[PDB]
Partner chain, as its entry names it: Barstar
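Okay, so here's just one chain, in structure tokens, the form solved without its partner chain.
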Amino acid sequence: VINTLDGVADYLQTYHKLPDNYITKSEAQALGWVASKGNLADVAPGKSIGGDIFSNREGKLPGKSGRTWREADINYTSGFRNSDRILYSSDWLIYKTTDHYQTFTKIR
């Protein structure tokens, strides 16, 4: 039941992991998720995509040696994925994107 911006944001800083309703792109694919058919809720009820490495190809997120970035989807319930993500670092810095990793803003 945790897929809101604050909910997951608080959860990560604390429990240092994502809530149980999250699976990676690969777990989802193994379960039958086909991106082109927006069927995730049919193959993985109650789940949202989260936990894959975000490479930060365009250096938009603050780099540091030893630091890794991960993403999770936000406000997902069913259908095609939306454009909202939570970006979190190994050292628990939290950012949000609402435009498909174009622009980023700090939230914690």
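Numbering follows the first chain given and starts at 1.
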item: Selected stretch [higher average CA B-factor]: 11-19 or 81-89; value: 11-19
item: Which of 50-58 and 32-40 has higher mean CA B factor, as the PDB entry lists it; value: 50-58
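Although it is not shown, the form solved in complex with its partner chain is what the next lines describe.
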property: Its partner chain contact in the entry with it bound: residue 68, any heavy atom under 4.5 Å; result: no
property: Touches its partner chain in the entry with it bound: residue 81 (any heavy atom, 4.5 Å); result: yes
